[PDB]
């Protein structure tokens, strides 16, 4: 299923048209992905030899409706396909029952100098 996570819309999130600035949805999505991880089960720290990072390789986003200041938003995340050197996520931000933004995201793993690495046990 989709994991659920909520986030408040603040002033920092908006722009001069009164709505959430489009790029900021990528922030909320990212919160969805990190809280999805937390929900299951260090990379950055030094650990087994090198600092590793998740990196966004590809993103598709459809913006259909806006969020407003003060909206309590719902982020829904799940892994749509796992591949060993990369995984794929499907995400949606809603306000109650109303669908605001949809995304398909491609995530790979890299080290400090930006070299690809394979994925561990999940």
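Residue numbers count along the first chain shown, from 1.
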How many residues that are in the deposited sequence but not in the model lie between residue 41 and residue 42: none, 1 to 3, 4 to 9, or 10 or more? 4 to 9
Averaging CA B factors per stretch from the PDB record, which one is higher: 100 to 108 or 19 to 27? 100 to 108
Going by the average Cα B-factor in the PDB entry, point out whether 66 to 74 or 47 to 55 comes out higher. 47 to 55
Assigned third (lowest, middle, highest) for the C-alpha B factor of residue 61: lowest
